[PDB]
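Let me begin by presenting the structure, written as structure tokens, before commenting on it.
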Amino acid sequence: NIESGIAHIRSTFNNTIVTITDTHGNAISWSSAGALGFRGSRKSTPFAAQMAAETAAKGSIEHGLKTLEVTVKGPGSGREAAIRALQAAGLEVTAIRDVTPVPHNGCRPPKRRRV
Amino acid sequence: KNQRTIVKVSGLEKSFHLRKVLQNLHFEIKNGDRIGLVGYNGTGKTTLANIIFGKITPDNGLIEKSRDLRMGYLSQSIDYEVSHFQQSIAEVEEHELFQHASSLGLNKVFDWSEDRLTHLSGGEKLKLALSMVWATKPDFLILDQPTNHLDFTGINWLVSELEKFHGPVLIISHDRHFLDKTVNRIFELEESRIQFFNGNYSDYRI
Amino acid sequence: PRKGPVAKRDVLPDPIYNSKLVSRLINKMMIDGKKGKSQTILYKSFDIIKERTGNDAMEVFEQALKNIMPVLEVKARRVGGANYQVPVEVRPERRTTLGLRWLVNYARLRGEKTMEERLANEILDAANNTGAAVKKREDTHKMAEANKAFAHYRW
Amino acid sequence: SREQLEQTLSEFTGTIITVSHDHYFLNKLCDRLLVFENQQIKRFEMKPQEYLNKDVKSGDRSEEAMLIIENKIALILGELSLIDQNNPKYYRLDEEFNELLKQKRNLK
RNA sequence: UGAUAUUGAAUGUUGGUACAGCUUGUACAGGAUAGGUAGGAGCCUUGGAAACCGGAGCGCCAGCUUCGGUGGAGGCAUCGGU
Ligand SMILES: Nc1ncnc2c1ncn2[C@@H]1O[C@H](COP(=O)(O)OP(=O)(O)OP(=O)(O)O)[C@@H](O)[C@H]1O
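Taken in sequence, the protein lines are chains W, V, P and E.
Residues are numbered in the entry's author numbering as their position in the first sequence, beginning at 1, plus a constant of 16.
Residues are numbered in the entry's author numbering as their position in the second sequence, beginning at 1, plus a constant of 2.
Residues are numbered in the entry's author numbering as their position in the third sequence, beginning at 1, plus a constant of 1.
Residues are numbered in the entry's author numbering as their position in the fourth sequence, beginning at 1, plus a constant of 467.
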């Protein structure tokens, strides 16, 4: 039973995962578009991000959270939907923080697609 | 109470005319076993059950069972048992039987005429047959082709009741879903030889 | 068309029930311009509705349409490789159009011998919303809700 | 035998009337239902699986509202996903979104 | 590779056996969560009835369970019906 937590939203182009943890990063609960039965294109859509956030939130509310800090990673379109969905579940969102990993010129990226 | 072997079959052979049905079957039924006897049509499942019950004597082999063991046998020719229901009222404690009956959805069986009791739905026959067997307080249940005619109600009832049952249960069924809820072992009878699988029916398939 | 929206056409209210909806259904039932046949069918049907239920036929009919008229329909859009069904709100006029059309078509498919009887039974089913036409409305609402993600898309 | 029967009956172009309490077999074969309920036979134009999983229409006159409002939420939510917060268009969509969410709460 | 002898000690976990305690028991109707059998019209009661509250387990979502704090005279039945 913990109150304050961080909501890690990993929004990629293919899927949106939402893990909810305590302030010390111990996992309370998590949800992802795939876990909710979305497949392929559907998982990417922002609608699925909403549903993923709601499902993750309702799992956490059992443990008794009230305030969430939000961290967003990846280039997906889910972050806004997932954040608004967390607010709609009742948990107040203190601050959103983009923590997408930025290399300072490190590893060579994979070759560009010729689509 | 325990898992002491209740029925032990060894070298059970049975033939009809020139057709071998059972060829050298060694198996044991222990207390608390929920065994699904599966196999395609004509493989001998009813024949086997009748031999286990004692309706048919085998050609070779021995059947070891407690001398006092009471074996409740659902059988396939329900028609015969249900026609004797009028006789069964005198032999079975009315109370228990009717208690079950109402649960199975046969309400107010007391009031049914002999006409209706001879005109029953095949699903009613089974519900009445099931209630009778369970009121006799058998120590070993054999259920040949149950849930054949049962509705959602009688299937929920037969499941919840099988789980409660204390003795062993041998269920002969083709119904994947009924097996996937009640049984933990599959006896597959093919080419007159029984093979053994652990778990329910779905994993048996795999 | 490209120029812009075009003047819709008015209908006169039915002589007996003084209802434009009734008149519109009469037009939907008409075949080969034989408006006589369709008026007779509808009036006979409304007698069956009053004679069967006992309620006013118009009240039953209006209740039936309420249960048939859809609120969200789906429009197809070819997005690259896969075609997406985009949910779109149904204009009030279109709601009435679809209701009458669906009612008439599925009524024609029923198993009664005469259209008036058929139509009557269909309206009664829609009153209790258990007929084919109702089912059609269920389907569109399912499609819209299922493809709710793609509502963003639109022309 | 059951599998072969299932294959054959799916192809058969005539009328099939089947009674079965194996709902899987029914749900594969049957597209319409005659339900025996309360000493009445009612015909339903739906598959066995859909009929059981129905949900009473007690608020079916209100689901229409919940359907239209929610579909508007989806449209505005979709657009917001594509636009940077710094665009002036963001502000208008967010106000409507929160206002529409209040309506959703009121209907529930 | 296993059993066993050489081959001992302590702890923890997990099954079986015997005993004891805590207790545990919902078809429908019926007043409602009715385990079976037996006696049964008195039993309990400042040695705290009912009722209020808090705590806890179970739960078919009806609810029962007991550690308790306020509370102070009833509460329960065979009769009745089901
Ligand atoms: N008394 C008998 N005399 C001759 N042949 C028999 C006899 N009993 C069964 N058979 C045949 O021997 C085989 C055994 O059939 P049995 O009834 O035991 O099978 P089953 O597993 O119960 O099949 P199903 O599920 O179709 O009822 C079948 O070929 C049956 O035709």
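Note that CB positions come from ideal geometry on N, CA and C, so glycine has one too.
Run the CB neighbour count on residue i, radius 10 Å, all protein chains shown included, and call it buried at 16 or more, exposed below.
i, result
"V/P170", "buried"
"V/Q5", "exposed"
"P/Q40", "buried"
"P/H153", "buried"
"W/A97", "buried"
"V/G124", "exposed"
"E/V486", "exposed"
"P/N122", "buried"
"V/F198", "exposed"
"P/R109", "exposed"
"V/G56", "exposed"
"V/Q147", "buried"
"P/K36", "exposed"
"W/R100", "buried"
What did DSSP end up calling residue i once you bin it into helix, strand or coil?
i, result
"E/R499", "coil"
"P/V23", "helix"
"W/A23", "strand"
"residue 579 of chain E", "Residue 579 of chain E lies beyond the residue range present for chain E, which begins at 468 and ends at 575; the question has no answer from this structure."
"residue 587 of chain E", "Because residue 587 of chain E is not part of the residues shown, which for chain E are 468 to 575, the question remains open."
"V/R36", "strand"
"W/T87", "strand"
"W/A105", "coil"
"residue 164 of chain P", "Summary: the structure shown does not reach residue 164 of chain P, with chain P confined to residues 2 through 156, and so no result is reported for it."
"E/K509", "strand"
"V/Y206", "helix"
"P/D33", "coil"
"W/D114", "strand"
"E/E478", "helix"
"E/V486", "coil"
"V/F29", "strand"
"residue 2 of chain V", "No statement about residue 2 of chain V is possible, as the shown extent of chain V runs from 3 to 208 and does not include it."
"P/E113", "coil"
Taking Cβ positions only, does residue i come closer than 8 angstroms to chain W?
i, result
"P/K35", "no"
"P/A127", "no"
"E/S487", "no"
"E/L542", "no"
"P/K76", "no"
"P/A150", "yes"
"E/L568", "yes"
Taking only beta-carbon positions, decide if residue i is within less than 8 angstroms of chain E.
i, result
"V/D182", "no"
"residue 246 of chain V", "Since the displayed chain V opens at 3 and closes at 208, residue 246 of chain V lies outside it and no answer follows."
"V/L152", "yes"
"W/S93", "yes"
"W/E108", "no"
"P/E90", "yes"
"P/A83", "no"
"residue 1 of chain P", "Outside the displayed range of chain P (2 to 156) lies residue 1 of chain P, so it cannot be described from this structure."
"V/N109", "no"
"W/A97", "yes"
From the beta carbon of residue i, is the nearest beta carbon of chain P less than 8 angstroms away?
i, result
"W/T61", "yes"
"W/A64", "yes"
"W/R58", "yes"
Can you find a C-beta in chain V that's less than 8 angstroms from the C-beta of residue i?
i, result
"E/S468", "yes"
Provide the residue span of the alpha helix (DSSP H) that contains residue i, from first to last.
i, result
"P/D48", "36-54"
"E/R559", "555-574"
"V/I8", "No alpha helix (DSSP H) contains V/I8, which is instead part of the beta strand (DSSP E) from 7-18."
"P/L73", "Unbroken run through P/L73 is the beta strand (DSSP E), 73-80; no alpha helix (DSSP H)."
"V/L191", "No alpha helix (DSSP H) contains V/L191, which is instead part of the beta strand (DSSP E) from 187-192."
"residue 1 of chain P", "With chain P represented from 2 up to 156, any question about residue 1 of chain P goes unanswered, as that position is not in the structure."
"P/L110", "93-110"
From which residue to which residue does the beta strand (DSSP E) around residue i run?
i, result
"V/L145", "142-146"
"V/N200", "195-200"
"P/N84", "83-90"
"V/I157", "From DSSP, V/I157 is part of no beta strand (DSSP E) but of the alpha helix (DSSP H) over 154-166."
"V/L172", "171-174"
**Asked** Of all the beta strand (DSSP E) runs that stay within the bounds of the region 32-79 of chain W, which reach a length of 3 or more residues?
**Response** Every beta strand (DSSP E) of 3 residues or more that sits fully in the region 32-79 of chain W is shown, in chain order, as 32-38, 43-48.
**Item:** Contained alpha helix (DSSP H) runs [length at least 4] in the region 68-137 of chain V, N- to C-terminal order
**Value:** Correct list: 80-85, 87-93, 96-106, 116-120, 124-137.
**Asked** What beta strand (DSSP E) runs, 3 residues minimum, are completely inside the region 40-72 of chain V?
**Response** 62-67, all fully within the region 40-72 of chain V.
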